[PDB]
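The structure appears below as structure tokens.
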Amino acid sequence: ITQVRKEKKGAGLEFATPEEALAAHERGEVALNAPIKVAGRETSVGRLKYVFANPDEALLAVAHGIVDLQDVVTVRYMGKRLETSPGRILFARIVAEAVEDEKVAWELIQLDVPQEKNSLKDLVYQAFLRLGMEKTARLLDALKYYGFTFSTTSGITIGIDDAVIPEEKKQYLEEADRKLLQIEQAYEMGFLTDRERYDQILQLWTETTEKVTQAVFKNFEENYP
Amino acid sequence: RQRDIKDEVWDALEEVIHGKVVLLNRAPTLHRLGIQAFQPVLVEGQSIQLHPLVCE
Amino acid sequence: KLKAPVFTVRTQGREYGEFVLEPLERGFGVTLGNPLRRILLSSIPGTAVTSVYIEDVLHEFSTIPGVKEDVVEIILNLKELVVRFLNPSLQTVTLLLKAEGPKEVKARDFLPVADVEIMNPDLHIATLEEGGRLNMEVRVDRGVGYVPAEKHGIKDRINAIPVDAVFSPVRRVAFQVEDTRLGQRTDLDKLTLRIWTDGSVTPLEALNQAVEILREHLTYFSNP
Amino acid sequence: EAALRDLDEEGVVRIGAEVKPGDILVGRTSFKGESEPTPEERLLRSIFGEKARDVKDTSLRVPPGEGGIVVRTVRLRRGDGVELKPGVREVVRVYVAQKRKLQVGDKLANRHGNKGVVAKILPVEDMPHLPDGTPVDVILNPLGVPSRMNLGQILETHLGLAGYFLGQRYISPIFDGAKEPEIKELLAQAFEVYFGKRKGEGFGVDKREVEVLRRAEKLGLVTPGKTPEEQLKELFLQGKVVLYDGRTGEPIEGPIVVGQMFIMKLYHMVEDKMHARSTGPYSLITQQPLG
Amino acid sequence: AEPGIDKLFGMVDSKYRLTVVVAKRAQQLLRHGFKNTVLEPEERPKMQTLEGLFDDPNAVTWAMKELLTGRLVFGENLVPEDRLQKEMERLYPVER
Amino acid sequence: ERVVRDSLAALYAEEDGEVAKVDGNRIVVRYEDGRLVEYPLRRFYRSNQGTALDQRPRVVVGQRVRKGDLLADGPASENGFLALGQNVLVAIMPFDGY
Amino acid sequence: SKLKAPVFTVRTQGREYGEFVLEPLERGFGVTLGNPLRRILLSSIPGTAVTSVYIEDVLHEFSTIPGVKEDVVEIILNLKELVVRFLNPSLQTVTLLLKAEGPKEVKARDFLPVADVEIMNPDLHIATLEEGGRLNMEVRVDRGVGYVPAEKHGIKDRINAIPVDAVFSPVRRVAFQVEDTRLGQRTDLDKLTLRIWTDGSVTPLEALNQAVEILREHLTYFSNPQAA
């Protein structure tokens, strides 16, 4: 619920007046969350189109299908005009009600990141320091309840097509097969001892392996986040 | 005898455990948190129910 | 077979209620709580600001000379206006606000209307400076649920700004089902329902209305 | 008489009786060890005027947590082609059968090393279910796969989905088996069976299916511009389906891998392992509780 | 968590001292059938049976809730042990 | 099938023949030789581990059997195939912490 | 603008299958109405079930019978599938009698007929009897709700009777379908179709009706508030 959508249809278009942006979105030319610049603002359609007075309004909109929890939007929360998703507002509220202290709760969370293992561990620690173990125990039970609830309906699953083999893999193997031949030649003509040829083949494959790890993850990060 | 066991005995048991804790232990007990105190909630079934956040 | 359950209410004024139904046969906690929640968030009749006109304002993303807020902020404050119709006949008003000079405009400053009550008169709308002027007309409609401004797109004149219509008097619903036991019936449900409203309808009223809507829909399985 | 109700004339429980913890399987009496009664016992006897008997109850009883139906008795008594070790006059053996239903705390596993204890048995109306109303049987967590790296169980499930709708089984020999393309062909056929049935019965695509296709399009799983049916088919060939939450009627927000899997129940049953003690026997030398 | 545990830990120089105070108080309440309680009727901890609400039987729960009122005194060498026992028997006779 | 066969988890026809009698308790087969061979079936026997060893007939009166055809399924055998569990419909998804 | 009573349509195939359409409904009410009814249909509809079985010369479930192919565990599994309809609403229980012998494949058809009692699946295979096989049974069928394991109810009419797991529900399956529809100028309205499969003991429409009634009665429970 705390990751945000990053979309490509809009692809960094320039607009003068926000209504031009909303119309381009109406025509199906700019994705709701694609980064654009309206009069050099570096904003997106969702932040202009959806402007909620308070968390209750934004979550009511989510309940009615207007926006999803990961859509970036504008919300007014504690006298601030925030550009954030309704899911991050919901997370802030989970902390706030668990610990019954909206001001401290606001100081405690990092609002502009997806919550993961380290940010949640830091939240538990700061809560322990600032609010004591009784309130931290209730925070922990709230995080458990809402994490379990949201993971059920999220759509997380595993099929064989989720282990996405990136294209670069084949190139990095062809490249490798090339350099191997190179090394083989240098051994044929006594330039490399056996130990040196062995060490060089191993270095080649250590580096190729790291390269394909980077390519797997870059493919996920750019195309299947 | 199990077929002699009434119903108001389960209610009596519930008054017996009120506010009391039991110790749960998982071996090997590598540090002190291999033992922790819990308020038992009585359940049907034969398994102990353990809270997710203490598993680590 | 199970004894009729007891219904327990706990209220804090007009804004918040918790409701408890136990014991229920296994599963009936979510069987009742999910429909009632869906209904409480979509079909409880209320009112909302649907349109705003401000003198010398072209579009929504404008700024107002001599007023501290931008138009966006005044519209946000208008979405928080709680207006209650006293006459079931009435379906839509237009509320008017003129003021100027250094002053903080509240919701009280709207010119009153026949059978129109304003539950939150201390609600801030704007602050005006020396030589600041505020001339606005706001359209207030009856309705249900939540309708984005573009959806209804209503306009009395060319520079009227359509407002996201927060009809729902219910601000939030939460429910929880807990296992409970009646003797040695072991998997019974205890439903706890929590309702937040703006105050025009109470939590308890909102709930009675939701159960009535549901019962009524159940009568439609009658005559093929 | 209630304690002896199901004991035969000779004191052995009868075939077919249901025995529960505490019930007698074989009645037996032993003579008492020579004891001068404590003065409190002498007085209590005088008050009730009852001679203490000379034998005591030493019967075989069903131990805690056991029981079932008696299905056999064997009775070897001396003086009968029967001779026992010196001093025993008779041995009795009682066989007791139980039918064991799956319960919370029993261990399930598949052939790829996925193993787990049953933590929750849900009523059918709470189970995730297909649009045609078919609930699933078991819910396995995806967090068990990435660090375990046992993807055979995923392919098995994909092919199980095909087999489910085609009414067929497969032999996929190790290192010589079904490949992804052949599994995809079979999933296309199975899709035609699963979805053309609907299209014939007079129904179109559900509003909830459209919401899940919208999310699927954003996840990169389906081609934008194709019809509901073509996108559902793309999902199905990835082995995924729209799934409804039985508690809400609302769809899971992404398509879910669903299929047939072969799962075994292992011989680690909580019925055999649960055990508690308040007091009980102590050791001879150490005077510590026995194990 | 135990209600008020952070304040209870705030009251003592060593966490183990709180456990000694709590346990000795619990024993004192059990010995005198709870007649020596510093709680007011509306402050008494309760337990919901089927019949209705009754006194919580757990003397450690009582003792912690009493500690939280400031109405107990704890420390070393407050009073000789036999004088304390005899005065508590006088003020609150033990069941026979 | 080979695992069921080599472990004696099933009864198979000794030669070609015809089934004369079929019981929960026993199968009588008439072989080509004309001889009448009777096969008692082990029923609800106790294994070393307390699991149940019983054989269930998988033929009917009058059926024609060739050498090696299945006469009875033992434990964890379904028509002569190793049957160590169930085929269940599975969803791969988190579910409320359970 | 407030939508009013929709049209209710009924399509039935035999006593087994039914489709129940309601349209148009306000947005989101397809789920609000379909899913509570699916939950009630699958969990709470009264029906009938074999609860106990006496077989002559059989002491317990873990048995065989000379001249019968099936062991008794399999015979009880077969009887768990018997569908019995009570035509008299007052009737709570029936003992069906079966007496068969010789070479034959006993089906459910072979029970002795009983006033106001109908077997809905007379082709259900019960047991294969051989030359010399004899089968003499009394099976007790009860009315009930939900799933009651043999261990829970313990029903034995006589000493050697075998209790049977009772799944009383007559509902075999429930789906519902929410489709897009429109009325005049309104869009995103719902068309709700409940698809109900039963065993014939009680028809789809009867099930839908008592499900509606169960829900209505539960809505009654919010009537008499109490202060916390």
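Should a chain be cited, it is by its letter among A, B, C, D, E, F and G, assigned in written order, with residues numbered from 1 in that chain.
We take it that contacts are C-beta pairs under 8 Å (C-beta built on N, C-alpha and C of every residue); 3 or more make two chains touch, one makes a residue touch a chain.
> Ignoring chain D and leaving every other chain in place, which groups of chains are still linked through touching?
Remove chain D in thought and everything remains one piece.
> So, comparing C-alpha centroids, which chain is the farthest one from chain C?
The chain lying farthest from chain C is F.
> Taking contacts as defined above, which has more of them, D-G or A-C?
So, comparing the two chain pairs, more contacts are at D-G.
> Chain C to chain G: how many Å between their CA centres?
Once rounded, the distance between the two centres reads 44 Å.
> Once you find the CA centre of chain A and the CA centre of chain B, what distance in Å lies between them?
41
> I'd like the Å distance between the centres of chain F and chain G, where a centre is the mean of that chain's Cα atoms.
33
> Chain C: which residues touch two or more other chains?
Only 26-27, 30, 34, 42 qualify.
> So which stretches of chain F touch two or more other chains?
Correct list: 44, 92-95, 97.
> Please set out, as single numbers or ranges, the residues of chain A touching at least two other chains.
Residue numbers touching two or more other chains: 144, 152, 154-159.
> By the document's touch rule, what are all the touching chain pairs in this structure?
Chains touch in the following pairs: A-B, A-C, A-D, A-E, A-F, B-C, B-D, B-E, C-D, C-G, D-F, D-G, F-G.
> Name, in rising order, each residue of chain B that touches chain D in their complex.
Per the stated touch rule, the residues are 1-4, 45-47.
> Under the stated contact criterion, what part of chain D meets chain B in this complex?
Residue positions touching the partner: 20-23, 103-105, 117, 119, 270-271, 274.
> Within the complex, which stretch of chain D touches chain F?
Chain D residues touching chain F: 71, 95, 97, 119-120, 128, 134, 136-143, 154, 157, 160, 164, 243, 252, 256-265, 267.
> Taking the touch rule as given, give the residues of chain B at its contact with chain C in the complex, in rising order.
7, 10, 44
> List the residues on chain G that touch chain D in their complex, please.
30-31, 34-35, 38-39, 42-43, 59-62, 73, 149, 160, 173-180, 190, 193, 195, 197
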